[PDB]
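Residue indices begin at 1 and follow the sequence shown. Counting starts at 1 for both ligands and their atoms, following the listed order.
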Amino acid sequence: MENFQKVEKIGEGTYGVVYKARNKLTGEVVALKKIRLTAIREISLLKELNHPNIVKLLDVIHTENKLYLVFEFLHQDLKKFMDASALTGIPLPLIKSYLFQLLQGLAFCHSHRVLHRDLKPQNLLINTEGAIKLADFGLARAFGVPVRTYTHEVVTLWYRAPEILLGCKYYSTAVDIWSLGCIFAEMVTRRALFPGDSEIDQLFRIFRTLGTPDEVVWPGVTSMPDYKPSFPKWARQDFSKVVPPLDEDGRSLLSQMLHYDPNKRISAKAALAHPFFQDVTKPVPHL
Ligand SMILES: Cc1nc2ccccn2c1-c1ccnc(Nc2ccc(OC[C@@H](O)CN(C)C)cc2)n1
């Protein structure tokens, strides 16, 4: 910390504040997250989890009842880009590029048995070249996903997999594919797919769109800890209605990313092979 010149506050994460900084000795420009504090061991392991579509974790500094995470610096987050693109939309080829790259990042982490578990537009970071990277990979497993952040902000439920909401204790890499599918839809329509404002509102929003799950589509669902037989039974909607602009390859991939049964939900690796990415390219974003 005596080693970093703080440049400016860039924001507030789930666990702590984030600063743009300059290493006072190497002159490296970084993003510095400061967390007011097994977690150290696990976080420290993430330094080897390196991929072009994962935000580089340069260093972990544990001193004085604080845990500092030193990240490579990216230009901005995807949420801000989506917000600035509200009136016109992010062009389809760029959406497809970002999804392709994000899936590469998931496939890498999942191959090493590391899940994110709390993906959302805010922790997807982009640069001016056309790249997109996943941040905060592995921090959920180390700290848990709390109800409120360190600043008492509500942690969003919009991207939470149904198996998590139904109280499953052992989630799989499928939870990240769900979240990523919800973000995909949001980029395409310029509205959140499932903007729930409580756990049951989140669940019932999913159900009104995808249909109330049963034993036919999801074996074991009725025996999950928070399943109630009294859940209203809603009919499944046609995807044609859910994400309309989107062509059939797009809808096919999204429907497979939103399968109820985690065991049937498409893997990141299988998703990369999907015909939607036949014509994928790497456009430069208009920021
Ligand atoms: C890892 C990480 N966590 C967070 C949490 C909040 C904000 C940033 N981060 C990062 C992080 C890591 C690497 N690079 C970046 N870049 C970055 C830069 C500027 C950003 O925007 C701030 C302004 O656009 C808006 N401001 C007025 C609120 C956001 C992210 N963020």
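Between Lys24 and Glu2 there is no salt bridge, since no side-chain N of the basic residue sits under 4.0 Å from a carboxylate O of the acidic one. Between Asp118 and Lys120, at least one side-chain N (NZ, or NE/NH1/NH2) sits under 4.0 Å from a carboxylate O, which counts as a salt bridge. Salt-bridge formation is detected for the pair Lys96/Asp279: a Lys NZ or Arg NE/NH1/NH2 atom is positioned less than 4.0 Å from an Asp or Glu carboxylate oxygen. Salt-bridge formation is detected for the pair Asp136/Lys33: a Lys NZ or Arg NE/NH1/NH2 atom is positioned less than 4.0 Å from an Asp or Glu carboxylate oxygen.
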What are the polar N/O contacts of ligand 1 with the protein below 3.5 Å, with distances?
{"unit_1": "ligand 1", "atom_1": "14 (N)", "unit_2": "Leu74", "atom_2": "N", "d": "3.1"}
{"unit_1": "ligand 1", "atom_1": "16 (N)", "unit_2": "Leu74", "atom_2": "O", "d": "2.8"}
{"unit_1": "ligand 1", "atom_1": "24 (O)", "unit_2": "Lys80", "atom_2": "NZ", "d": "3.0"}

Might you work through the side-chain contact (heavy atoms from CB on, under 4.5 Å) test for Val154 and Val147, ending with a clear yes or no?
CA-CA 6 Å; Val154 174; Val147 179; over 6 Å; no
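When the salt bridge (charged side-chain N to carboxylate O under 4.0 Å, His left out) test is applied to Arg265, the partners found at least two apart in sequence or on another chain are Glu163.
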